[PDB]
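Chains, contacts and geometry: an overview
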Amino acid sequence: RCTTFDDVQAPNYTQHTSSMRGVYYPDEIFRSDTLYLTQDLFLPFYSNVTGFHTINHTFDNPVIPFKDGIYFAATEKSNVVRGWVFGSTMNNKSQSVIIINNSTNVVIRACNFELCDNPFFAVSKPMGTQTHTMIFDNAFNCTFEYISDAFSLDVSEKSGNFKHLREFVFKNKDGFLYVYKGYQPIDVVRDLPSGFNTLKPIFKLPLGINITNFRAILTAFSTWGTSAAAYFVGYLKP
Amino acid sequence: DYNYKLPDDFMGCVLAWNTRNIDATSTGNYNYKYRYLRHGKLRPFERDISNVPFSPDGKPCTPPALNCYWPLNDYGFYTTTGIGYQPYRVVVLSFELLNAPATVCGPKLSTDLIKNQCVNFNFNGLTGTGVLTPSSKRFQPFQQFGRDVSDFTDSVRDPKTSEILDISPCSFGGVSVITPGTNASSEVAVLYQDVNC
C-alpha cells in the first residue's frame, strides 16, 4: 500500500570507506596456500561508501541505482533492513525481484509489481512482532518463485554495540543474481569498522532482468521510530 | 537477438523444430509476440516483457501519437507461408558446469572409490587418472572441487559419499637404461624407473 510517513527526512549521502570489505570466494574451488589472482566484480578497498543512518526522525531508503553490482553493509543488532527490491524502474511495467525475510523464512520472487512508495511491516518498537505485509499487493505476469528454509529471527531492538553485521554483494551477471552472505560479530556505535571478512555464495538466482535501480526495505518500529541500526551501500567494479 | 541475447563465451544448445502443423493456422496466431522497439542492445540471458511505447529520444509516451509506436510486431503464423515464415519452437538449453552439488547427472552407474593407484576417476565429468588417496582438507560446503597451486584437478568431494580425497597422478617419469658398451658386452641393461621401488 502507498502509505508514507509524515516526518521522512532525505539522505545526506554520508561517505565512509570500504576499508577491507567486499571480498568473496569467487568460485566453488578449494585453494590452499596460494596467492591467487581473479578479475571479477569486486568492492574496491577504500571506496566512497554511501551511508544511510535511519534514526527516529530520518527515514532512508531511496531508489538507489544498481550499476553493475552493489555491496551492502548493514549494522544490524536490531534486525531492521529486511528486504530488497531489484527492479528496472520499479513500476508496474517492469520486472522486480523481491528478496525479503518474514522473520523465519527468506522469500525470493520476481514479477511485475506496483511498488509501494513506503513499505513496512506493522511492528511495535519494544515488542517487535511482524503482523501486516505492506510490500506487494499486485503481481501479474509473474515468472520466478522461491521459498527458502526455516530459521528464526529476533525482530526487537537491542542496545549498545552491534552484536552482528550483515554484509551483502549482489551481482547482475549473465542474467543471474549472485548473493553473498556476511555474518560476523562486531562492536561499533554507528561506523562501518575497518574489518576484513570473506563472503560465501548462497544464491545463484536464475532471473534475467534489466536491473538498473534498487531499494532496500526497512522493518520500521511503528509517527514512527527506528533503532540506531544503519546500513551502507557501495558499488562494484571489474 | 536484440531482444533475446545469447553471450559469446557462455554456452547453450539451440534446439529449434518446425511447427507448421501446430502453431501455423490460416487465420493466424497473434499470440506469438515479438519486440522491435528497445533502447540499446539487450544484456545476455535477460529480457524485458514491458509493453511500453518508446520515444526514440526518450519521453513518457501515450499511443498512438508521433514517435510513440507500440514496441511489438505480433506475427500471425499461417500454414501457407514459406519456410522463412514458419513457426519454430526454439528451446535454448543453457548449462552450468560450475561445480555445485552436481544436479543434472547422466545414466552412468556409480561405482565406489579405491585408495589404489591409477583409477580412471570420473567425479562428475572430471576424467583422468591417478592415485586416489583420502586426505585431510577443509572443503567448505560451497566448494566441492579443489585445485593445485596452479590449476589442476587435485582434490574432489565424492558426490555420493561426501568424502574428502585428493588426487596424486599416476607415477610418470623418465626411464633411463644403463649399459656397458655392446661391443664390449651385449649383457642385459639395467634401468631406472624414476619414481619409487
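Residues numbered from 1 in each chain as written, not as in the entry; some residues may be left out. Chains lettered and ligands numbered in written order. Part of a larger assembly, values for the part shown. Heavy atoms only, no water.

In its metadata, the entry names cryo-EM as the structure determination method and reports 3.7 Å as the resolution.

Here we look at the pattern of salt bridges
The final tally for this structure, using the stated rule, is seven salt bridges over all chains. A salt bridge links A:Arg21 to A:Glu167; its shortest N-O distance comes to 2.4 Å. Of this pair, A:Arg21 sits in the loop between β1 (14-16) and β2 (23-24) while A:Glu167 sits in strand β10 (residues 166-173), and the two are 146 residues apart along the sequence. As far as the burial class goes, A:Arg21 and A:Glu167 line up, both buried. One salt bridge in this structure joins B:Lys137 and B:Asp154, with 2.7 Å as the shortest N-O distance. (Salt bridge = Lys/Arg side-chain N within 4 Å of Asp/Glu carboxyl O. Helix = DSSP H or I, 4+ residues; strand = E, 2+ residues; numbered from the N terminus. Buried < 20%, exposed > 50% of the residue type's maximum accessible area, 1.4 Å probe, protein only.)

Section: the nonpolar core
In terms of nonpolar packing, the biggest core is built from 54 residues, with A:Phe86, A:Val97, A:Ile99, A:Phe170 and A:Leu177 touching the most fellow members. Those elements giving two or more residues to this core turn out to be β5 (70-74), β6 (81-87), β7 (95-101), β8 (105-113), β10, β11 (176-183), β13 (213-218) and β14 (231-235) of chain A. (Core = buried A, V, L, I, M, F, W, Y, C linked by side-chain atoms within 4.5 Å.)

A few points about the packing of aromatic side chains
Residue and element names in this part refer to chain A. Throughout the structure, instances matching the rule amount to 25 aromatic pairs over all chains. Taken together, the aromatic side chains of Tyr-13, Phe-52, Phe-66, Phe-72, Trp-84, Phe-86, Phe-168, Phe-170, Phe-214 and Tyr-231 make up a single cluster linked through ring pairs. Taking the ring centre of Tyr-36 as reference, the NZ or CZ of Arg-31 above it sits at 3.6 Å. In this structure, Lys-204 packs its charged tip against the face of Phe-176, placed 4.0 Å from the ring centre. (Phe/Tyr/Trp six-rings, centres within 6.5 Å; stacked < 30°, edge-to-face > 60°. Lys NZ or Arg CZ within 6 Å of the ring centre and 35° of its normal.)

Notes on unusual backbone geometry
A cis amide bond, omega -5 degrees, links B:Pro63 with the succeeding residue B:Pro64. By secondary structure assignment, the location of B:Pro64 is in the loop between β1 (14-18) and β2 (88-92). You will see that A:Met90, though not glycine, has its phi angle at about 55 degrees, which is positive. Within the secondary structure, A:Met90 is located in the loop between β6 and β7. Overall, A:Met90 belongs to the buried group, its relative accessible area being 6%. Even without being a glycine, A:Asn141 presents a positive backbone phi close to 55 degrees. Tracing the backbone through its elements, the reader meets A:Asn141 in strand β9 (residues 139-150).

Some remarks on the environment of A:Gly69
All names here are of chain A. Relative to the elements of secondary structure, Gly-69 occurs in the loop between β4 (64-65) and β5. Distance from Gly-69 to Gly-175, taken between C-alpha atoms, is 12 Å for residues 106 residues apart in sequence. Beyond its immediate sequence surroundings of up to four residues, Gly-69 is in contact with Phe-170, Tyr-235 and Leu-236. (Contact = heavy atoms within 4.5 Å.)

Quick word on the interface of chain B and chain A
Counting residues at the interface gives 26 residues for chain B and 22 residues for chain A. Both sides of the chain B and chain A interface together cover about 2300 Å² of buried area, and 51% of this is carbon and sulfur. It is B:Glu46, B:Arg47 and B:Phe142 that lose the most area in chain B upon contact with chain A, and together they represent 25% of the buried surface on that side. At the junction of chain B with chain A, the criterion picks out ten residue pairs in polar contact. Of the residues that constitute the side of chain B that touches chain A, the class distribution is ten nonpolar, seven polar and nine charged. (Buried area = accessible area lost by both parts, 1.4 Å probe. Polar contact = N/O pair within 3.5 Å; in protein donor to acceptor, adjacent residues only side chain to side chain. Nonpolar A, V, L, I, M, F, W, Y, C, P; charged D, E, K, R; others polar.)

Some points on the sheet that holds β8(A)
Residue and element names in this part refer to chain A. Read from one edge of the open sheet, six strands run β4-β13-β6-β7-β8-β9, paired in antiparallel fashion. Of all the strands in the sheet, just β4 and β9 have a single pairing partner and so form its edges. In this sheet, β9 lies alongside β8 in antiparallel orientation, the contact comprising seven bridges. Paired with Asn-112 across the two strands is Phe-140, which belongs to β9. (Pairing = 2+ DSSP bridges.)

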